[PDB]
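Numbering starts at 1 and runs along the sequence shown. Because only heavy atoms are used, hydrogens play no part in the values below, and waters and symmetry mates are left out as well, while side chains stay in.
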Amino acid sequence: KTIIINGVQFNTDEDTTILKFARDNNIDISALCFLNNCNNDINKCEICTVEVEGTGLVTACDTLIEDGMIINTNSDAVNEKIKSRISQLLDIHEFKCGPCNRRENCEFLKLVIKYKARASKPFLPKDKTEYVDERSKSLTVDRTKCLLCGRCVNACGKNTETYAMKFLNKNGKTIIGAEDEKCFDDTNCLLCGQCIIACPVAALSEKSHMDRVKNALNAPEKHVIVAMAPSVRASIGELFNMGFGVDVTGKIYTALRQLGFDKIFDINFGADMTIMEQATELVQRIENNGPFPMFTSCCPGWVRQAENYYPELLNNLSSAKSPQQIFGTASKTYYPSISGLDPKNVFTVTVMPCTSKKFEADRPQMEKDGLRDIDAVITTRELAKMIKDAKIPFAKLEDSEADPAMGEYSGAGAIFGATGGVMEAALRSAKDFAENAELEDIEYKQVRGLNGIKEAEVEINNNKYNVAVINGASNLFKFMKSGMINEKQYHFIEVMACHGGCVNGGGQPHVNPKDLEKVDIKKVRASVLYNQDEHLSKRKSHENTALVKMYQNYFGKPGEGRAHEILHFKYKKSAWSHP
Ligand code: 402
Ligand code: SF4
Ligand code: SF4
Ligand code: SF4
Ligand code: SF4
Ligand code: FES
Ligand SMILES: [Mg+2]
């Protein structure tokens, strides 16, 4: 093929779109609705408009290159068309970037600036109440910002295959939302927030908990605990122009103290707790044979997927609470026993890469004696904004350490945020528990990686067992619908709703398509976690000295006694009722 782009001749045999061929040859072409190798097929934004000689204006994002094509990407006719489309989008967009939560990284704003587009009539709604949906515990919608680009809809389909995010006809007008415009929580939605990640603007956001936190911080009698998820220390640095894959663990501990938090702990400690219970439970299920398989229960997105699509598997879920919930349980019980604080005055806050974590924390039964396990959950984005609002020079901060009591963690807990992380961490303890030894080789590389469905055969106590790691909610459906579950007897299965693991969560920092092309965001973030595991002395959850002291002095033996009573949570399919 011979391609002419802006007077430059190209000789290629590649079969691809004009947009991507231009991107591969450093030729600038704008784009909006195009994401994850798909565009808005029904109402194309036409921001990727280029001029093909002999044909006219075409959309470069979905037009294959052909031999003899003469393309102009920066002609006048092209730029006026693109400027016209952006202007029309501004006519339905509340253009007030000042208080907006996408101010520092909004794809639309940089398109408005690039083409210097102005609205024919400034969209200024008198009352955003009808445009805004804040009924969910995880998601919020602001349709004053929605461009109707369909990226959220496509993302939902690709990532979860639930199609919970739909195009809707709201009284003659086209909008996006849940089925029948219901609250997302009341539908088959997983609350994974992958639709947020795909949104170029502030139309989709997480359900804010920042008022919960700030009100608790300012309350004199409240002792506010904060504990961040594995993925946060590998991600939040992106929002401070520090690049990708930068371990900023120490900076976060310091920033949290300057924010006024009363105690700095870590969810990775709770991750070690989850492994303690789960690995013990796995050994229990082996000696009992059943119920197999055992599924992980730490991902609330997967829990909702099970509840909404596979309720017969609810009993097969691990009884062990998620690292977030199992931490919060101990924060209201164990922590006061070693501090003297009044449990009612304890306020536990977590920092999560996940929007579904907010729903899990607000589950009615996720409490004890009137005390919530987790009082508030803020996303990686929310913490970052909280830091910038306090004008904390994050990139200039010294590394400080967390408080050890519930802040120490092994390398096993560190890799939780990556796909296959929980599986590998659980095997490190389950093997040592069953064989009653301290095994040297603990690296399970075969369950790592970005493959959708990963299986492995493991040898536990002179017996072989089949494990599986499900990477992404869509791959759960594939694993079940295709009958892969029945090819062999699986004993232990990890499931994560977000592909790549929690590092690709819905509460994670946004990454513009032009950095996604150059950076493998899922591997680069996960690398930080794996590097920590490699450099740590303790790489097994049961070697967590702070955790061992907690169990020895308070809980006793894992999987039984008081631990089984308050650190566990079982999901049950609804009792029979009719209708
Ligand atoms: N609870 C919990 Fe988890 C832990 O530890 C986080 O905290 Fe995850 C992360 N990062 C999230 O959100 S949840 C699913 N298990 C894998 S990692
Ligand atoms: S979504 Fe983007 S363009 Fe719209 S107001 Fe917010 S920052 Fe500005
Ligand atoms: S909510 Fe966001 S991703 Fe979905 S159509 Fe609107 S602007 Fe596009
Ligand atoms: S939270 Fe997940 S399941 Fe729900 S609409 Fe968004 S992408 Fe779909
Ligand atoms: S994989 Fe992690 S971030 Fe994604 S829904 Fe599950 S718990 Fe939340
Ligand atoms: S980016 Fe090509 S039509 Fe929208
Ligand atoms: Mg205070």
Side-chain angles (χ1 to χ4, degrees), residues 223-233 247 249-250 252-254 256-257 261-280 298 320-341 343 346-352 373-374 399-417 421-422 424-426 428-430 432-433 438 442 529 532-564 566-568:
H223 181 90
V224 187
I225 302 176
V226 62
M228 65 166 168
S231 300
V232 173
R233 78 211 64 217
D247 194 331
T249 307
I252 296 181
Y253 290 158
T254 302
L256 290 178
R257 286 193 173 92
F261 288 102
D262 305 282
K263 214 66 179 179
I264 314 301
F265 288 148
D266 204 292
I267 297 300
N268 294 16
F269 179 89
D272 284 334
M273 293 178 56
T274 294
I275 293 301
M276 285 294 299
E277 301 300 315
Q278 194 169 245
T280 301
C298 45
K321 289 189 176 183
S322 67
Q324 162 174 289
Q325 296 303 135
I326 206 173
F327 175 90
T329 303
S331 75
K332 302 300 180 65
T333 52
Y334 169 68
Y335 179 56
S337 74
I338 65 173
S339 65
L341 294 156
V346 180
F347 197 94
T348 307
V349 181
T350 68
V351 190
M352 293 287 154
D373 302 343
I374 302 300
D399 288 347
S400 63
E401 300 182 359
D403 300 317
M406 299 181 67
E408 181 202 341
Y409 62 90
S410 63
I415 63 179
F416 254 56
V422 177
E424 180 170 358
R428 292 180 183 178
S429 294
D432 279 18
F433 286 177
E438 305 302 330
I442 59 183
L529 307 186
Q532 286 199 356
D533 169 43
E534 139 179 11
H535 292 341
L536 273 173
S537 171
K538 307 296 180 54
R539 302 185 63 180
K540 302 174 186 177
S541 294
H542 54 282
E543 294 179 349
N544 188 318
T545 52
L547 169 140
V548 172
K549 292 178 180 178
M550 175 184 63
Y551 272 93
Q552 281 181 342
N553 301 334
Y554 192 81
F555 286 113
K557 331 178 69 158
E560 66 177 81
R562 106 172 295 136
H564 184 90
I566 73 174
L567 300 181
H568 287 232

Next on the checklist: Is there a side-chain contact (heavy atoms from CB on, under 4.5 Å) between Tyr253 and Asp399? Walk through the geometry before answering.
Outcome noted: CA-CA 7 Å; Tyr253 290 158; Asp399 288 347; over 6 Å; no
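Under the 4.5 Å side-chain criterion, counting only non-hydrogen atoms from C-beta, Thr329 is not in contact with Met273. Residues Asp262 and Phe347 form no side-chain contact, since every pair of their non-hydrogen atoms from C-beta on lies 4.5 Å or further apart. Inter-residue side-chain proximity for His542 and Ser429 is flagged as met; some heavy-atom pair is nearer than 4.5 Å. Side chains of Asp533 and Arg428 form a contact here, defined as non-hydrogen atoms less than 4.5 Å apart. You'll find the side chain of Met550 stays beyond 4.5 Å of the side chain of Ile338, heavy atoms only.
We find the CG-CE distance between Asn268 and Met406 to be 12.5 Å, quoted to the nearest 0.5 Å. Remark: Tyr334 OH to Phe555 CZ distance equals 8.5 Å, nearest 0.5 Å. The CD atom of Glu543 lies 16.0 Å from the OH atom of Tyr409; values are rounded to the nearest 0.5 Å. Here the straight-line distance linking atom CG of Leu256 with atom CD1 of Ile225 works out to 12.5 Å at 0.5 Å rounding. Rounding to the nearest 0.5 Å gives a distance of 8.0 Å between CD1 of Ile275 and SG of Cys298. Rounding to the nearest 0.5 Å places CG of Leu567 at 9.0 Å from OG1 of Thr274.
In this structure, the side chain of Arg539 does not engage the main chain of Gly411 through any donor-acceptor pair within 3.5 Å. Proximity of a side-chain donor or acceptor of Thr254 to a complementary backbone N or O of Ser400 within less than 3.5 Å is detected. Counting only distance, with no hydrogens or angles, the side chain of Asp403 and the backbone of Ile264 share a donor-acceptor pair below 3.5 Å. In this structure, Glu408 contributes its side chain and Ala546 its backbone to a donor-acceptor pair below 3.5 Å.
When all heavy atoms of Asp432 and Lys540 are compared, the pair lying nearest together is OD2-NZ, 2.5 Å. For the pair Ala320 and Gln278, the tightest heavy-atom approach, listed with the atom from each and the gap, is CB-N, 4.2 Å. Here the shortest heavy-atom pairing between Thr280 and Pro558 reads CG2-O, 3.5 Å. The shortest heavy-atom contact between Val232 and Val351 is CG2-O, 3.5 Å. Closest of all the heavy-atom pairs between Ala425 and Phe416 is CB-CE1, 3.8 Å. The two atoms that bring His568 and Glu277 nearest to each other are NE2-OE1, 2.6 Å, heavy atoms only.
With 3.5 Å as the limit, one finds a donor-acceptor pair spanning the side chains of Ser331 and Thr348.
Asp272 has no carboxylate O lying under 4.0 Å from a charged side-chain N of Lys538, or vice versa, which leaves the two without a salt bridge.
Within 6.0 Å of atom CD in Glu401, 12 or fewer heavy atoms from other residues, nucleotides or ligands are found, so the atom counts as exposed in its surroundings.
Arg233 pairs in a side-chain hydrogen bond (donor to acceptor under 3.5 Å, both in side chains) with only one of the listed residues (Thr249, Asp266, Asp247), which is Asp266.
A tilted orientation is assigned to the rings of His223 and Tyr335, their planes being inclined by 30° to 60°.
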